[PDB]
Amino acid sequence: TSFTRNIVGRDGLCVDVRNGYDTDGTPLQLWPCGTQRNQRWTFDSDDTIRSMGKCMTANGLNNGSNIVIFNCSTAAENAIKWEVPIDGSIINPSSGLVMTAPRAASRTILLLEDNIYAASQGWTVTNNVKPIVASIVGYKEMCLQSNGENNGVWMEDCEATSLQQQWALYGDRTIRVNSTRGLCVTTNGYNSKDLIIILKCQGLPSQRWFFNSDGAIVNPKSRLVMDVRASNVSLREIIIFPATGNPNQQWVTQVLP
(Lines of atoms letter the chains of each structure in order from A and count residues from 1; the text may use other names and numbers.)
(Lines give C-alpha, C1' and ligand atoms only; values in the text may rest on other atoms or scores of the structure.)
Protein backbone atom coordinates (compact mmCIF):
# COMPACT_ATOMS: atom_id res chain seq x y z
CA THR A 1 0.00 0.00 0.00
CA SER A 2 1.04 3.65 -0.04
CA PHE A 3 0.63 6.66 2.26
CA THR A 4 1.92 10.24 2.16
CA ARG A 5 3.50 12.37 4.88
CA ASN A 6 6.02 15.17 5.50
CA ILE A 7 9.53 14.25 6.77
CA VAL A 8 10.63 16.50 9.65
CA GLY A 9 14.32 16.68 10.72
CA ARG A 10 16.99 19.01 11.99
CA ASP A 11 15.67 22.05 13.88
CA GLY A 12 12.10 21.03 12.88
CA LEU A 13 12.69 21.84 9.18
CA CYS A 14 11.35 19.50 6.47
CA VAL A 15 12.84 17.48 3.66
CA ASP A 16 12.17 19.56 0.56
CA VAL A 17 13.00 19.14 -3.14
CA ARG A 18 15.00 22.34 -3.85
CA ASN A 19 13.09 25.15 -5.61
CA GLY A 20 10.13 22.67 -6.16
CA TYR A 21 11.86 21.47 -9.33
CA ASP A 22 11.16 17.91 -10.46
CA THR A 23 14.03 17.63 -12.94
CA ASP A 24 16.21 14.55 -12.37
CA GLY A 25 19.09 15.29 -10.01
CA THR A 26 17.43 18.11 -8.06
CA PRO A 27 18.94 18.06 -4.54
CA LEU A 28 16.97 17.53 -1.33
CA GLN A 29 17.37 20.24 1.32
CA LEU A 30 15.92 21.48 4.55
CA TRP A 31 13.16 24.12 4.32
CA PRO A 32 10.45 25.29 6.75
CA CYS A 33 7.60 22.75 6.75
CA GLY A 34 4.49 23.23 4.64
CA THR A 35 1.96 21.57 2.43
CA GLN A 36 3.72 22.10 -0.90
CA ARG A 37 4.00 18.99 -3.02
CA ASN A 38 7.82 19.03 -2.97
CA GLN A 39 7.54 18.28 0.78
CA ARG A 40 4.91 15.49 0.47
CA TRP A 41 6.59 12.08 0.44
CA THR A 42 4.76 8.91 -0.47
CA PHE A 43 5.96 5.71 1.12
CA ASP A 44 5.27 2.64 -1.03
CA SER A 45 5.66 -1.10 -0.09
CA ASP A 46 8.59 -1.27 -2.55
CA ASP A 47 10.70 0.84 -0.09
CA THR A 48 10.73 3.88 -2.35
CA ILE A 49 9.96 7.39 -1.03
CA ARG A 50 8.45 9.58 -3.69
CA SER A 51 7.73 13.26 -4.27
CA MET A 52 6.19 14.75 -7.41
CA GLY A 53 6.12 11.24 -8.94
CA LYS A 54 9.87 10.75 -8.65
CA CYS A 55 12.09 8.91 -6.16
CA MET A 56 14.37 9.97 -3.33
CA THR A 57 17.71 8.79 -4.81
CA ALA A 58 21.31 8.50 -3.61
CA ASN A 59 23.44 10.22 -6.31
CA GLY A 60 26.12 7.83 -5.39
CA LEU A 61 26.59 5.48 -2.47
CA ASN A 62 29.61 7.03 -0.77
CA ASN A 63 30.19 9.09 2.42
CA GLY A 64 29.13 12.63 1.50
CA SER A 65 27.08 11.64 -1.57
CA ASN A 66 24.16 13.91 -2.36
CA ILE A 67 20.52 12.79 -2.08
CA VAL A 68 18.37 13.96 -5.02
CA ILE A 69 15.02 13.34 -6.74
CA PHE A 70 15.26 11.06 -9.80
CA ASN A 71 12.99 9.06 -12.11
CA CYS A 72 12.13 5.88 -10.22
CA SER A 73 12.38 3.61 -13.27
CA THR A 74 15.77 4.86 -14.58
CA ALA A 75 17.62 5.28 -11.27
CA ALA A 76 19.73 2.44 -9.97
CA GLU A 77 17.55 0.10 -7.87
CA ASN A 78 20.05 0.19 -4.95
CA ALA A 79 19.89 4.00 -4.89
CA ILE A 80 16.10 4.33 -4.47
CA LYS A 81 15.46 1.93 -1.63
CA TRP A 82 15.11 3.30 1.94
CA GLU A 83 14.06 2.01 5.33
CA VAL A 84 12.98 3.84 8.46
CA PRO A 85 14.61 2.53 11.62
CA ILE A 86 12.55 2.89 14.76
CA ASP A 87 15.09 5.31 16.21
CA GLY A 88 14.27 7.82 13.45
CA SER A 89 17.11 7.26 10.97
CA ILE A 90 16.43 7.07 7.22
CA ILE A 91 18.82 4.48 5.85
CA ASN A 92 19.86 3.32 2.41
CA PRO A 93 20.14 -0.42 2.89
CA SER A 94 22.69 -1.20 0.19
CA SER A 95 25.27 1.25 1.57
CA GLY A 96 24.27 1.48 5.17
CA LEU A 97 24.65 5.23 4.98
CA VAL A 98 22.02 7.47 6.47
CA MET A 99 20.30 10.75 5.57
CA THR A 100 22.14 13.66 7.19
CA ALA A 101 21.57 17.41 7.49
CA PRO A 102 25.13 18.75 7.83
CA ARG A 103 24.07 22.24 9.00
CA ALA A 104 20.92 23.54 10.77
CA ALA A 105 20.04 26.22 8.24
CA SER A 106 17.37 26.41 5.64
CA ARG A 107 18.83 25.44 2.25
CA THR A 108 21.28 22.93 3.76
CA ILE A 109 21.65 20.13 1.24
CA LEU A 110 21.05 16.60 2.48
CA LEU A 111 23.80 14.04 2.21
CA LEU A 112 24.32 10.31 2.78
CA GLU A 113 26.91 9.86 5.50
CA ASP A 114 28.35 7.33 7.87
CA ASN A 115 25.87 6.68 10.70
CA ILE A 116 27.09 8.29 13.91
CA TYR A 117 23.58 8.44 15.47
CA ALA A 118 23.75 12.22 15.35
CA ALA A 119 20.69 14.43 15.89
CA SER A 120 21.53 15.69 12.34
CA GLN A 121 20.61 12.13 11.30
CA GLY A 122 17.21 12.02 13.09
CA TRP A 123 13.89 12.31 11.20
CA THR A 124 10.14 11.89 11.82
CA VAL A 125 7.66 10.76 9.14
CA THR A 126 4.43 12.60 10.04
CA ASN A 127 1.58 14.90 8.94
CA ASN A 128 2.01 17.05 12.09
CA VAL A 129 4.82 19.42 11.18
CA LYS A 130 4.90 21.04 14.64
CA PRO A 131 6.85 19.64 17.60
CA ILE A 132 4.77 17.73 20.13
CA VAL A 133 4.73 19.56 23.51
CA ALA A 134 4.62 17.35 26.56
CA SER A 135 5.66 16.81 30.17
CA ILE A 136 7.97 13.85 30.70
CA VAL A 137 6.74 11.93 33.78
CA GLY A 138 9.08 9.45 35.47
CA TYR A 139 10.19 8.10 38.79
CA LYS A 140 7.71 8.63 41.63
CA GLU A 141 5.35 10.26 39.13
CA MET A 142 7.60 13.27 39.09
CA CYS A 143 8.32 15.45 36.06
CA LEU A 144 11.63 16.01 34.28
CA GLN A 145 12.59 19.67 34.47
CA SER A 146 15.12 21.97 32.83
CA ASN A 147 17.18 24.47 34.84
CA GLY A 148 18.98 26.59 32.29
CA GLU A 149 21.71 26.27 29.69
CA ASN A 150 24.71 24.30 30.92
CA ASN A 151 22.81 23.05 33.95
CA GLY A 152 21.53 19.58 34.86
CA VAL A 153 18.04 18.37 34.26
CA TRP A 154 16.27 16.84 37.26
CA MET A 155 12.98 15.66 38.79
CA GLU A 156 10.34 17.85 40.40
CA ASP A 157 6.69 17.53 41.41
CA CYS A 158 4.58 18.00 38.24
CA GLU A 159 3.05 21.43 37.90
CA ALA A 160 0.82 22.48 34.98
CA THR A 161 2.35 26.01 35.33
CA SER A 162 6.04 25.06 35.27
CA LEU A 163 7.32 26.00 31.84
CA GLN A 164 10.65 24.31 32.58
CA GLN A 165 8.69 20.97 32.72
CA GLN A 166 7.46 21.55 29.14
CA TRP A 167 9.42 19.77 26.41
CA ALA A 168 9.24 20.12 22.65
CA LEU A 169 9.73 16.75 21.05
CA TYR A 170 11.31 17.76 17.70
CA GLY A 171 11.33 15.73 14.53
CA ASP A 172 15.10 15.32 14.59
CA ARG A 173 14.67 13.26 17.77
CA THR A 174 15.91 16.05 20.02
CA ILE A 175 14.19 16.93 23.30
CA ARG A 176 14.11 20.69 23.57
CA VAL A 177 13.27 23.29 26.19
CA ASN A 178 9.82 24.33 24.94
CA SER A 179 10.28 27.98 25.79
CA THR A 180 13.87 28.16 24.49
CA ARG A 181 13.95 25.89 21.48
CA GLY A 182 17.64 26.40 20.69
CA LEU A 183 18.47 24.29 23.75
CA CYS A 184 18.64 20.51 23.83
CA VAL A 185 18.72 17.74 26.43
CA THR A 186 22.37 16.57 26.09
CA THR A 187 24.41 13.81 27.68
CA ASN A 188 27.77 15.17 28.83
CA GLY A 189 29.60 12.16 27.43
CA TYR A 190 28.77 8.65 26.25
CA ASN A 191 29.84 6.69 29.32
CA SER A 192 27.75 5.22 32.11
CA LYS A 193 27.10 7.79 34.86
CA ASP A 194 27.64 10.79 32.57
CA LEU A 195 25.31 13.64 33.51
CA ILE A 196 22.39 14.85 31.44
CA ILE A 197 22.33 18.65 31.00
CA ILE A 198 20.94 21.30 28.72
CA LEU A 199 23.25 22.63 25.98
CA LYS A 200 22.83 24.56 22.71
CA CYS A 201 21.51 22.24 20.01
CA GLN A 202 24.44 21.32 17.72
CA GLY A 203 23.19 18.22 15.91
CA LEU A 204 25.37 15.96 18.02
CA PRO A 205 24.92 12.26 18.95
CA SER A 206 24.76 13.44 22.57
CA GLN A 207 21.53 15.27 21.74
CA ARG A 208 19.65 12.39 20.08
CA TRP A 209 17.00 10.40 22.00
CA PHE A 210 14.51 7.60 21.32
CA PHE A 211 11.36 6.72 23.29
CA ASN A 212 11.29 2.95 23.20
CA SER A 213 8.41 0.54 23.85
CA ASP A 214 9.70 -0.41 27.40
CA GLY A 215 9.24 3.18 28.73
CA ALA A 216 12.93 4.05 28.40
CA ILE A 217 14.46 7.17 26.85
CA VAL A 218 17.48 5.88 24.94
CA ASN A 219 20.60 7.72 23.61
CA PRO A 220 21.34 5.63 20.51
CA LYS A 221 25.14 6.28 20.23
CA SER A 222 25.87 5.28 23.83
CA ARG A 223 23.03 2.68 23.99
CA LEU A 224 22.36 4.00 27.49
CA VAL A 225 19.10 5.37 28.89
CA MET A 226 17.96 8.24 31.10
CA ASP A 227 18.19 7.27 34.78
CA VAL A 228 17.31 9.07 38.00
CA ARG A 229 20.68 8.61 39.74
CA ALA A 230 20.56 6.13 42.58
CA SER A 231 16.72 6.35 42.60
CA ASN A 232 17.35 9.47 44.69
CA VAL A 233 15.41 12.46 43.47
CA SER A 234 17.12 14.73 46.02
CA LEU A 235 20.50 14.30 44.28
CA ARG A 236 19.04 16.31 41.39
CA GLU A 237 21.06 14.26 38.91
CA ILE A 238 19.85 12.41 35.83
CA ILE A 239 22.53 10.23 34.21
CA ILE A 240 22.78 7.83 31.35
CA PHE A 241 23.00 4.20 32.46
CA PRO A 242 22.41 0.77 30.95
CA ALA A 243 18.73 -0.19 30.67
CA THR A 244 17.49 -2.14 33.69
CA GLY A 245 13.71 -1.70 33.52
CA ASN A 246 13.76 -0.34 37.08
CA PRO A 247 11.35 2.39 38.17
CA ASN A 248 14.10 5.06 37.98
CA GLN A 249 14.37 4.51 34.23
CA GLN A 250 10.60 4.50 33.35
CA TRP A 251 9.10 7.51 31.59
CA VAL A 252 5.94 8.48 29.78
CA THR A 253 5.02 11.57 27.82
CA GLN A 254 1.93 13.51 28.83
CA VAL A 255 0.68 15.90 26.18
CA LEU A 256 0.18 19.45 27.40
CA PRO A 257 -2.81 21.73 26.72
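One-based numbering along the sequence shown.
(request) May I ask you to compare 51 to 59 and 222 to 230 by their mean CA B factor in the entry and name the higher one? (result) It is 51 to 59.
(request) Using the B-factors recorded in the PDB entry, average over the C-alpha atoms of 73 to 81 and of 110 to 118, then report which stretch comes out higher. (result) Between 73 to 81 and 110 to 118, it is 73 to 81.
(request) Among the candidates 42, 191, 38, 206, give the one with the maximum CA B-factor reported in the record. (result) In the PDB entry, the greatest C-alpha B-factor among 42, 191, 38, 206 is found at 191.
(request) Determine which member of 143, 175, 132, 90 has the highest CA B-factor, using the values in the deposited entry. (result) Among 143, 175, 132, 90, the PDB entry lists the largest C-alpha B-factor for 132.
(request) Would you mind ranking residue 252 by its C-alpha B-factor against the rest of the chain and naming the third, lowest, middle or highest? (result) For residue 252, the deposited C-alpha B-factor lands in the middle third.
(request) Using the B-factor values recorded in the entry, state whether the Cα atom of residue 29 falls in the lowest, middle or highest third among the modelled residues of its chain. (result) It belongs to the lowest third of the chain when residues are ordered by C-alpha B-factor.
(message) Is residue 1 in the lowest, middle or highest third of its chain when residues are ranked by C-alpha B-factor?
(response) According to the entry, residue 1 has a C-alpha B-factor in the chain's highest third.
(message) Lowest, middle or highest third: which one holds residue 19 when the chain's residues are ordered by CA B-factor from the entry?
(response) Tercile = highest for this residue's CA B-factor.
(message) Sorting by Cα B-factor within the chain, modelled residues only, which third would residue 148 end up in: lowest, middle or highest?
(response) For residue 148, the deposited C-alpha B-factor lands in the highest third.
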